[PDB]
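For reference, the structure is listed below as structure tokens.
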Amino acid sequence: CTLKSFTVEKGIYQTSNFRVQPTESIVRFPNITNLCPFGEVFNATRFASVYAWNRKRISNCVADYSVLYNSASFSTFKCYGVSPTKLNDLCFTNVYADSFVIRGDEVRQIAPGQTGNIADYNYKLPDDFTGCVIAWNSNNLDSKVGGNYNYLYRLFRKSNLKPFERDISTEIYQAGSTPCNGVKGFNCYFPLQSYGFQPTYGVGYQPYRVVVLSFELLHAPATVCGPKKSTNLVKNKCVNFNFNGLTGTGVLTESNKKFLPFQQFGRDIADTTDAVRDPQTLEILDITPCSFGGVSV
Amino acid sequence: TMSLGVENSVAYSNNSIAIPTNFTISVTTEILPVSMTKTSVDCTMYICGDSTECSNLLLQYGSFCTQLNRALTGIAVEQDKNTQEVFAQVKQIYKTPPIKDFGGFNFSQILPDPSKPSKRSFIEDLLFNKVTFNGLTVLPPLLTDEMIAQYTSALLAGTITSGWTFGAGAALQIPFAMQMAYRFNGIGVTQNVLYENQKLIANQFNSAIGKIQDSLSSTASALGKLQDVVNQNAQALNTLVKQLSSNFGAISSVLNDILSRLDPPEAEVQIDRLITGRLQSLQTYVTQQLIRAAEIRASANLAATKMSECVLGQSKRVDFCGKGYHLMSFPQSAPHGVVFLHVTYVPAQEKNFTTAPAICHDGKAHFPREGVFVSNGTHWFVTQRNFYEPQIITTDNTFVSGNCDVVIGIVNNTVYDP
Amino acid sequence: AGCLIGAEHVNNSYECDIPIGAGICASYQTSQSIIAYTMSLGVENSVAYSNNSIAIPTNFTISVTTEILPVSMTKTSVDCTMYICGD
Amino acid sequence: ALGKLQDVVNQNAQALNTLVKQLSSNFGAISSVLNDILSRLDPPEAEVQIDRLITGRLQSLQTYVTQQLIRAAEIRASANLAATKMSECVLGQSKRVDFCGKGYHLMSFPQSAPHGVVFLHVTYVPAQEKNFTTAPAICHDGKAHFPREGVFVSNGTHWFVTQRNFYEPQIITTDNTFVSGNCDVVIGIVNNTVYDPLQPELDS
Amino acid sequence: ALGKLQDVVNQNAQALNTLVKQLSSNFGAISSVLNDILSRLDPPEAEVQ
Ligand SMILES: *[C@@H]1O[C@H](CO)[C@@H](O[C@@H]2O[C@H](CO)[C@@H](O)[C@H](O)[C@H]2NC(C)=O)[C@H](O)[C@H]1NC(C)=O
Ligand SMILES: *[C@@H]1O[C@H](CO)[C@@H](O[C@@H]2O[C@H](CO)[C@@H](O)[C@H](O)[C@H]2NC(C)=O)[C@H](O)[C@H]1NC(C)=O
Ligand SMILES: *[C@@H]1O[C@H](CO)[C@@H](O[C@@H]2O[C@H](CO)[C@@H](O)[C@H](O)[C@H]2NC(C)=O)[C@H](O)[C@H]1NC(C)=O
Ligand SMILES: *[C@@H]1O[C@H](CO)[C@@H](O[C@@H]2O[C@H](CO)[C@@H](O)[C@H](O)[C@H]2NC(C)=O)[C@H](O)[C@H]1NC(C)=O
Ligand SMILES: *[C@@H]1O[C@H](CO)[C@@H](O[C@@H]2O[C@H](CO)[C@@H](O)[C@H](O)[C@H]2NC(C)=O)[C@H](O)[C@H]1NC(C)=O
Ligand SMILES: *[C@@H]1O[C@H](CO)[C@@H](O[C@@H]2O[C@H](CO)[C@@H](O)[C@H](O)[C@H]2NC(C)=O)[C@H](O)[C@H]1NC(C)=O
Ligand SMILES: *[C@@H]1O[C@H](CO)[C@@H](O[C@@H]2O[C@H](CO)[C@@H](O)[C@H](O)[C@H]2NC(C)=O)[C@H](O)[C@H]1NC(C)=O
Ligand SMILES: *[C@@H]1O[C@H](CO)[C@@H](O)[C@H](O)[C@H]1NC(C)=O
Ligand SMILES: *[C@@H]1O[C@H](CO)[C@@H](O)[C@H](O)[C@H]1NC(C)=O
Ligand SMILES: *[C@@H]1O[C@H](CO)[C@@H](O)[C@H](O)[C@H]1NC(C)=O
Ligand SMILES: *[C@@H]1O[C@H](CO)[C@@H](O)[C@H](O)[C@H]1NC(C)=O
Ligand SMILES: *[C@@H]1O[C@H](CO)[C@@H](O)[C@H](O)[C@H]1NC(C)=O
Ligand SMILES: *[C@@H]1O[C@H](CO)[C@@H](O)[C@H](O)[C@H]1NC(C)=O
Ligand SMILES: *[C@@H]1O[C@H](CO)[C@@H](O)[C@H](O)[C@H]1NC(C)=O
């Protein structure tokens, strides 16, 4: 079939590839014992203003993301670089939860590369942003009958914000060449504008609570993981191992490599993890690809 | 401003000839790549290593991977063919006699060393000492280095023992000093010169071989031609491997990260970019490899031609088997290549003489059968062109043609009648 | 070169018929079966060399050998637009 | 017999077949048939798929042209070799070893072949060699004698001078040989008589 | 008679010219001039082109 004929001439022909398919899968996560405090982010009584968007750092905990994406309480749930259903299988070095309140019409502006008042002077996402934007209608909470003025957005700025940059200055914007010296007046504007949410507003102006999860997958040891249990350590066998999210296939063996205590893994010329430190029992394991090669007839 | 050589005004005139009175035996090294590393790439593993969804997406490109694999297979078979053609030029395996009675010539350092486990000579040991998981595999060469050494040894033995007869047909033994006499005749030197300076010639050859040994032992940049090739190959593979770290617009350069991070509808979008980038990189690598293989094939054809025309024969082509009048050559196997030790004859010490195109004896114009007429100031002799050996101008040294009213520069001298 | 399965290793040495690698080749020989062996490099032949012996041909043969060289190939043309945007 | 020509033909056929078969690849489009897309889609949506099809087919064509260029370079090299051989083996007698066949080249005959050429190399091959005892020179009257052309041989008792590539022994005379110096230098010189053709004529 | 040389020269020239002319192709972008894209579109829409 390789020669596409009902006749094979005398010779040797490379027909397929041989692989010692892995016998079993190995999961090795650190002995982590902390739950991620996502309640104080997704369950806060009062979210911060978009111009002073609140940021919380999540590290050294396990989060069951099934609850998050199985929830029907969200109107926007868009993950860029990632999917809601897969977070439970992963370990991340760090997560950032940025929370604030905007209006519905501005929700579209919270995305990588979006342009707008919010994306320009209030909160900017990078184009290579990896994470999830989760927004839900908070009309029942952030809307006052007389108008809620606790939420302010920056409407005047000299230049657009860098990604993940916060500016909380209340300095009077000087639209012209005449200095303002902290006095409101002609060509002198207060940069912060109140939303004034009211229950009678339309969907495009009702308050929306937005939480942006930024998952960072660096080379550093992972500290935020899903609810995944680690299996037993199998050596001298072809396995499908997973060390703190570092998935791979090979043979794990005890190694005489003298890792310094701060060191967690060693690489090869091809940036391939030649050895790892087991996250639970801090031993050094050599990783060697099981077996493979051409098959000739 | 660099100097172009040393300037030199030749002492040219219409009756002056410079003739060598001595000579030297030069052994020079020429190094030719013969083959490159036979590399195969699992296109599907390279692009979609162990990923079924990525392989399914990759199927959309038809037969791109299979023709890349075909190209690499052709390259590897071509490397094998190049080695075969360069080294398998001898029908039988000739082994030199235990008694090394070669007229003083010493081939100990180019002949295989029995002590070494491989049939490898001292110089080849120097040569081999000097030159130094993502679907990427290296196929071993068909002929082992020991086999190439065996071929080289057979070639050397046949050359030493039979001259150029074994290249044409059956090896006809001949004393090596008489073979050097034959080659002296071939370059235009009378063979009595070889016999009368046999010790000097042998000592010069041994000295040149020892100097070759010293140069190899000391300086390694000479083999750069081979090493260069290796480096190029290495570099390409490095490049290929490094491309797997490029996101090409995808969120990540790791397929496992995307698959464990993205749903199939979203995962496929990212995987497509990686497939595109890695496919383009593979195409680039295969193309440049084809070009380099073409270059190597040209080099190997040159090397096979040189083996034929310098080792199995004595070439009259200028500067094809080294600089100077070629005497012979000896092959030495090298990693992925070959080395030729060209033994050439270089005139060394030249004297000025007065010369004439012909000579008048009895109104007839006499011209040399072989050689040239010279004068040492008062007496006229006739000597062979490439070595000063004056002789009495007789009727056996010369031949008559016409009279003396035609030749421009003809001179008067007695032509002896034996 | 790897692991060979289904070929009977043989201590004899013959010419390379199917190259396997590292000097190992395979043939189909006798009840025939596939055999693997280290290839023979030509017939070995020591020249009867000495310092006073010469071998001289008393006869000859006229050989006519065939060499074949490609000279040209088929002159192909592709209308790029027709190939990409046929009509 | 003409495996090399059939190889070129097969290579070209394979290349063309690949080029054609690539027209069946969707390259990410709904269909690989342009007429299905145009008969199914409006221009705003049709153009999107047509762009993918164009990209894929253009890449394929570039690959084919590059491969053809390389193969053409190889063919040009082969043909240059062929013309050189035609000249040096048919229009003349070559001294290059193995350039016009194995053996001492006598002549060559061209024969046209499909897209190629065949050379019939007539060569001379020594057939039946025999052992002899040889000496670099000979001493007759304190003078060392060397063959003008050929080599000295001995059949066991007598010494002759024969041409180097054919055994035609001849009596060693002053016309077969030439003198150079004395016999205190040559290594391996043997004692033998060098006949003088003039001596019997003068004596008689 | 010097065509063998001139052609080579021409070849090289041709190639360079082609290269230069390729900078005048949109390849699907709204313009073949980069400054026009940069001077008229914001970075998010500039990057696409
Ligand atoms: C030709 O040159 C060689 C050198 O290559 C001469 O041999 C040298 O002669 C000198 C003085 O006679 C000695 O000191 C050297 O030791 C010799 N070297 C070797 C390698 O023999 C030779 O004498 C020269 N002959 C003529 C006629 O000029
Ligand atoms: C050929 O050359 C080799 C080395 O150049 C000679 O071997 C040397 O022999 C001497 C004794 O004469 C020893 O002292 C050296 O140690 C040897 N060196 C090596 C590297 O083996 C060899 O003798 C020469 N051939 C002949 C016939 O003399
Ligand atoms: C030119 O050569 C001739 C012959 O070789 C020289 O004449 C001989 O010179 C030597 C001394 O060097 C004498 O012993 C011989 O008797 C001379 N022979 C004859 C026939 O006269 C001559 O001297 C050389 N001249 C130069 C300028 O070198
Ligand atoms: C070589 O010798 C011949 C004769 O041996 C010279 O020819 C003479 O030339 C002169 C002047 O040209 C005449 O007067 C004589 O009559 C010639 N001799 C004869 C016998 O005819 C010739 O000139 C000599 N060559 C040189 C260069 O001097
Ligand atoms: C050289 O070899 C040729 C054959 O290549 C010999 O010719 C043969 O001679 C035998 C006996 O005389 C005949 O039976 C054959 O028919 C001949 N063959 C041909 C092709 O003519 C020739 O005799 C040999 N010569 C010597 C001196 O050995
Ligand atoms: C070497 O050759 C010589 C010359 O042919 C042989 O001597 C001749 O032998 C034949 C044999 O029939 C006689 O008829 C001649 O009369 C001999 N001539 C002379 C001058 O001796 C000699 O026999 C040969 N030797 C060998 C061993 O073959
Ligand atoms: C070749 O012949 C010469 C002379 O016919 C031999 O030289 C003689 O050698 C013997 C033994 O040493 C001396 O006693 C004579 O005086 C030498 N003769 C002359 C004229 O010098 C030579 O030995 C012979 N060679 C062989 C190999 O037999
Ligand atoms: C966690 O660590 C403790 C020691 O700190 C160890 O005794 C325990 O078995 C570990 N638990 C798991 C589930 O690995
Ligand atoms: C948010 O609050 C509700 C009600 O208290 C609770 O049921 C839910 O689990 C909380 N979500 C998280 C992520 O803690
Ligand atoms: C030959 O003589 C000329 C005469 O001036 C001289 O210049 C030249 O150097 C001489 N040649 C050699 C090789 O010495
Ligand atoms: C060499 O040239 C000179 C003039 O340059 C001339 O007088 C002389 O006759 C020439 N010699 C010969 C042999 O022609
Ligand atoms: C080949 O010979 C070796 C000894 O040299 C022996 O051990 C081996 O069994 C032999 N194999 C066969 C198949 O005869
Ligand atoms: C040449 O002589 C030797 C003597 O030992 C002999 O063994 C050999 O067979 C002879 N050559 C031929 C071709 O017969
Ligand atoms: C040839 O070699 C033998 C080997 O013992 C030696 O006796 C003989 O003298 C050598 N002949 C010459 C001319 O060197």
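Those sequence lines, one after another, are chains Y, L, U, H and V. Its first residue numbered 298, the first sequence is counted upward by one per residue in the authors' numbering. Counted the way the authors' numbering counts, the second sequence spans residues 693 to 824, 852 to 1137. Counted the way the authors' numbering counts, the third sequence spans residues 644 to 673, 686 to 742. Its first residue numbered 941, the fourth sequence is counted upward by one per residue in the authors' numbering. Its first residue numbered 941, the fifth sequence is counted upward by one per residue in the authors' numbering. All C-beta atoms in this analysis are idealised placements derived from N, C-alpha and C, irrespective of residue type, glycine included.
Check your understanding: Is the CB-CB distance between residue 909 (chain L) and residue 1103 (chain L) below 8 Å?
Key -> yes
Exercise for review: Taking only beta-carbon positions, decide if residue 732 (chain L) is within less than 8 Å of chain Y.
Suggested key: yes
**Study point:** Contact check, residue 723 (chain U) vs residue 1062 (chain H), beta carbons under 8 Å
**Key:** no
**Study point:** Bridge partner(s) assigned by DSSP for residue 706 (chain U)
**Key:** None; residue 706 (chain U) has no bridge partner.
Point to revise | chain H contact residues for residue 775 (chain L), given Cβ-Cβ distances below 8 Å | key: Ordered by position in chain H, no residue passes the 8 Å Cβ test against residue 775 (chain L), which lies about 17 Å from the chain.
Exercise for review: Output, in sequence order along the chain, the residues in the segment 345-378 of chain Y whose CB is closer than 7 Å to any CB in chain L.
Suggested key: 378
Check your understanding: For residue 1132 (chain L), is the beta carbon positioned less than 7 Å from some heavy atom of ligand 4?
Key -> no
**Study point:** Pairwise C-alpha distance: residue 975 (chain L) and residue 981 (chain L)
**Key:** 10 Å
Practice item. Tell me, please, whether the CB atom of residue 738 (chain U) is closer than 8 Å to any CB atom in chain H? Key: yes
Check your understanding: Which residue or residues does DSSP assign as beta-bridge partners of residue 1015 (chain L)?
Key -> Paired residue(s): none; residue 1015 (chain L) is not in a bridge.
Review point. Chain L beta carbons: is any one of them nearer than 8 Å to that of residue 586 (chain Y)?
Key: yes
**Study point:** Environment of residue 1088 (chain H) [buried if 16+ CB atoms lie within 10 Å]
**Key:** exposed
Review point. Is the distance from the Cβ of residue 732 (chain U) to the Cβ of residue 693 (chain U) below 8 Å?
Key: no
Review point. Going along the chain, which residues put their C-beta within less than 5 Å of some heavy atom in ligand 2?
Key: L:798 and L:800
Check your understanding: Quick one: is the Cβ of residue 1071 (chain L) within less than 7 Å of any heavy atom of ligand 11?
Key -> no
Practice item. Might you give, ordered along the chain, the residues of its own chain that have their beta carbon closer than 6 Å to the beta carbon of residue 870 (chain L), omitting 5 neighbours on each side? Key: 779
Practice item. For residue 577 (chain Y), collect the residues of the same chain with a Cβ closer than 6 Å to its Cβ; drop the 5 residues on either side in sequence, then sort them by chain order. Key: 328
Exercise for review: Report buried or exposed for residue 671 (chain U), applying the criterion of at least 16 other Cβ atoms within 10 angstroms of its Cβ.
Suggested key: exposed
Point to revise | Same chain, Cβ closer than 6 Å to residue 900 (chain L), neighbours up to 5 away in sequence not counted | key: 910 and 913
Review point. Which first and last residues belong to the beta strand (DSSP E) in which residue 333 (chain Y) is found?
Key: Element bounds for residue 333 (chain Y): n/a, residue is neither H nor E.
Point to revise | Beta carbon proximity, residue 662 (chain U) to chain H, threshold 8 Å | key: no
Check your understanding: Would the C-beta of residue 708 (chain L) count as close to ligand 10, meaning under 7 Å from any of its heavy atoms?
Key -> yes
Check your understanding: If you measure from the CB of residue 1098 (chain L), is any heavy atom of ligand 3 nearer than 7 Å?
Key -> yes
Exercise for review: State yes or no: is the C-beta of residue 380 (chain Y) within less than 8 Å of the C-beta of residue 344 (chain Y)?
Suggested key: no
Review point. Would you say residue 704 (chain U) reaches chain L, if we count a Cβ-Cβ gap shorter than 8 Å as a contact?
Key: yes
Exercise for review: Whole angstroms is fine: what's the gap from residue 710 (chain L)'s alpha carbon to residue 1071 (chain L)'s?
Suggested key: 5 Å
Exercise for review: Determine contact between the segment 480-488 of chain Y and the segment 350-357 of chain Y, defined as no fewer than three beta-carbon pairs at a distance below 8 Å.
Suggested key: no
Point to revise | Contacts of residue 598 (chain U) in chain H (Cβ-Cβ under 7 Å) | key: The first residue shown for chain U is 644 and the last is 742, placing residue 598 (chain U) beyond what the model contains.
**Study point:** Whole-angstrom distance between residue 951 (chain L) and residue 850 (chain L), CA atom to CA atom
**Key:** What the structure lacks is residue 850 (chain L): chain L is numbered 824, then 852, with the residues between left out.
Check your understanding: Are the beta-carbon atoms of residue 750 (chain L) and residue 736 (chain L) separated by less than 8 Å?
Key -> yes
Review point. Considering only the beta carbon of each residue, do residue 426 (chain Y) and residue 511 (chain Y) sit closer than 8 Å?
Key: yes
Review point. Would residue 439 (chain Y) pass as a contact of residue 502 (chain Y) if the rule is Cβ separation under 8 Å?
Key: no
Check your understanding: Could you give the distance in angstroms between the alpha-carbon of residue 865 (chain L) and the alpha-carbon of residue 810 (chain L)?
Key -> 6 Å
Review point. Which bits of chain H does residue 718 (chain U) rub up against, with CB to CB less than 7 Å?
Key: 1043, 1063 and 1065
Review point. Below 8 Å between beta carbons: does that hold for residue 1066 (chain L) and residue 1020 (chain L)?
Key: no
Review point. When you compare only the Cα positions, how much space is there between residue 519 (chain Y) and residue 389 (chain Y)?
Key: 5 Å
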